[PDB]
Amino acid sequence: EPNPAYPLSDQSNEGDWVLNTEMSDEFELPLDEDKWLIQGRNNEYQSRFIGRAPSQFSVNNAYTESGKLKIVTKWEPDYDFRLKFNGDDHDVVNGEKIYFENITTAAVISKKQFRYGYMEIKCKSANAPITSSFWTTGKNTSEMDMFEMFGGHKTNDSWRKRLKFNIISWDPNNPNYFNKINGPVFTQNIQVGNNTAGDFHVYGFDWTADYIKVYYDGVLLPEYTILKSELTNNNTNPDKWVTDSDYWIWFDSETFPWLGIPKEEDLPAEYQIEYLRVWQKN
Ligand SMILES: O=S(=O)(O)O[C@@H]1[C@H](O[C@H]2O[C@@H]3CO[C@@H]([C@H]3O)[C@H]2O)[C@@H](O)[C@H](O[C@@H]2[C@@H]3OC[C@H]2O[C@H](O[C@@H]2[C@@H](O)[C@H](O[C@@H]4[C@@H]5OC[C@H]4O[C@H](O[C@@H]4[C@@H](O)[C@H](O)O[C@H](CO)[C@@H]4O)[C@@H]5O)O[C@H](CO)[C@@H]2OS(=O)(=O)O)[C@@H]3O)O[C@@H]1CO
């Protein structure tokens, strides 16, 4: 059996790793809401993000069970869907009003932040046309989407094995700012050999000032390594490196309406997180 004190990919502890306890959770107890924000709890919304239409985050769809954090996607047409903070009952996406209806998901966000570390999540994505995501934000700095999975994609088997990885700039001073370029600074489709919804797997993201590396079930996936020297072209384009920020960690599920929408028969579905281990260098 592997030693849980160290990253599955670094069992000899070459990294001299120490668990960051305020960012980590084995989810063996009821969810600690002094450690984790259930999005919407007491009307608190990280990033003022109530959900991606048609879905909305529900405080009842996040809880621990059987040793796992559960992010639950439900068909709940009678849910009391709220307005966005801007007053709208819809998102506007590619010219279309997409109304909030039918589906509730959840988002769980760390109440603490950290900068740099080995992030290891053991999880099974929701088996429906819904995302299961593991990501970060910092306040008007940037966002790393370690993965967006879509475990129950009905028509694209590649998506069933995909971790969509993104880096997004939230800094209006940055030429790669999301509301300037309307897209990520960097994106790649991490493809693993097994359906993300089929079983639990261990995903590792080693985040440093100079690189980000991806690990699957303890093994480096070198095809997906991100180097600061490459993204910035040897520091000639430094604004392309935006991940030197303190981050909150998010787990959530969302409808991506243009990718797919679940049927009632697909639901409920669960994005199950057996644990999150975040280590930092001693
Ligand atoms: O339009 S204005 O220029 O006027 O600006 C308005 C507003 O001004 C107005 O407010 C009043 C209404 O009219 C008057 C006012 O009476 C105007 O002055 C500004 O105040 C407002 O300012 C915001 C706040 O400070 C900057 C603004 O945005 C900040 O929040 C950011 C969040 O919007 C952003 O949220 C995203 C969101 O949840 C996390 C973010 O990503 C998520 O999507 C991800 C996706 O990117 C990824 O690929 O996949 C993920 C998983 O699937 C997920 O889908 C959601 O889209 O997060 C940012 C992080 O830095 C900021 O959040 S925060 O950390 O700073 O809290 C502040 O709310 O801006 C208005 C115009 O927007």
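Cβ separations smaller than 6 Å between residues 6+ apart or across chains give the following pairs from the range 192-211 residues that are under 14 Å from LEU163 (Cβ atoms) to residues that are hydroxyl-bearing (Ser, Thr, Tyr): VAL192/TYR216; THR196/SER125; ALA197/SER125; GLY204/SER9; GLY204/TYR215. Residues in the range 76-105 that are of a type in the set (S, T, N, Q), within 12 Å of the ligand (Cβ to nearest atom) and either surrounded by 13 or more Cβ atoms within 10 Å (Cβ to Cβ) or within 22 Å of the chain's Cα centre (by Cα) (or both): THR105 alone. Of all the residues in the range 1-12, those that are within 14 Å of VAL219 (Cα to Cα) and either surrounded by 14 or more Cβ atoms within 10 Å (Cβ to Cβ) or aliphatic (A, V, I, L, M) (or both) number 5. Check whether at least one residue in the range 56-79 is in contact with a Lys or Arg (Cβ under 9 Å, 6 or more places away or on another chain), small (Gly, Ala, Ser) and touching a residue at least 40 places away in the same chain (Cβ under 8 Å), and report yes or no. Looking for residues that are in contact with a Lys or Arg (Cβ under 9 Å, 6 or more places away or on another chain), small (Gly, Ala, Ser) and touching a residue at least 40 places away in the same chain (Cβ under 8 Å), one finds at least one in the range 56-79, hence yes.
Within the range 110-132, the set of residues being surrounded by 24 or more Cβ atoms within 10 Å (Cβ to Cβ) and within 12 Å of the ligand (Cβ to nearest atom) comprises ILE130, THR131, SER132. Exactly one residue out of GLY138, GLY117, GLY67 is under 15 Å from the mean Cα position of the chain (by Cα) and not hydroxyl-bearing (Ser, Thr, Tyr), and it is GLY138.
Okay, residues lined up against (1) farther than 23 Å from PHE57 by Cα; (2) charged (D, E, K, R):
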| site | (1), (2) |
| --- | --- |
| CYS123 | no, no |
| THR141 | yes, no |
| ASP145 | no, yes |
| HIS153 | no, no |
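Determine whether the range 23-32 contains at least one residue that is within 16 Å of the ligand (Cβ to nearest atom), acidic (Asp, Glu), within 30 Å of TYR79 (Cβ to Cβ) and part of a loop (DSSP other than H, G, I, E, B). The answer is no; no qualifying residue exists. For the range 159-178, filtering for residues that are within 8 Å of the ligand (Cβ to nearest atom) and assigned to a helix (DSSP H, G or I) leaves 1. If you go through the range 138-147 and pick out every residue that is within 9 Å of the ligand (Cβ to nearest atom) and crowded, with 23+ Cβ neighbours inside 10 Å, you end up with 2. Taking every residue in the range 171-186 that is at negative phi and in contact (Cβ under 8 Å) with a residue 40 or more places away in the chain and pairing it with any residue that is basic (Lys, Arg) and away from the ligand (no atom under 12 Å from the Cβ), at least 6 positions away or on another chain, the pairs with Cβ-Cβ distances below 7 Å are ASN176/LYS240; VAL185/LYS240.
For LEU220, the conditions (1) out of contact with any strand residue (DSSP E or B) (no Cβ under 7 Å at 6 or more places or on another chain); (2) away from the ligand (no atom under 16 Å from the Cβ); (3) of a type outside the set (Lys, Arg); (4) touching a residue at least 24 places away in the same chain (Cβ under 8 Å) all hold with the exception of (1). Close Cβ contacts (under 9 Å, 6 or more residues apart or on different chains) running from residues in the range 223-238 that are free of Cβ contacts under 8 Å to residues at least 12 places away in the same chain to residues that are surrounded by 11 or more Cβ atoms within 10 Å (Cβ to Cβ) and among the hydroxyl-bearing types (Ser, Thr, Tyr) comprise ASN235/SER229; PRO238/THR232. For the range 232-265, the candidate set comprises residues that are surrounded by fewer than 17 Cβ atoms within 10 Å (Cβ to Cβ), closer than 30 Å to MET23 by Cβ and more than 13 Å from the ligand (Cβ to nearest atom); within that set, the residue that is nearest to the chain's Cα centre (by Cα) is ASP244.
Return yes when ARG48 is within 16 Å of the ligand (Cβ to nearest atom) and surrounded by 13 or more Cβ atoms within 10 Å (Cβ to Cβ) and no when it is not. Against the criterion (within 16 Å of the ligand (Cβ to nearest atom) and surrounded by 13 or more Cβ atoms within 10 Å (Cβ to Cβ)), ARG48 does not qualify. The single condition among (1) closer than 30 Å to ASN127 by Cα; (2) touching a strand residue (DSSP E or B) at 6+ places or on another chain (Cβ under 8 Å); (3) within 13 Å of the ligand (Cβ to nearest atom) that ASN182 does not satisfy is (2).
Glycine gets a Cβ as well: all are built from the backbone with ideal geometry, and neighbour counts include every protein chain shown. Quick note: the coordinates plus some simple rules give every number you see, no bench work behind them.
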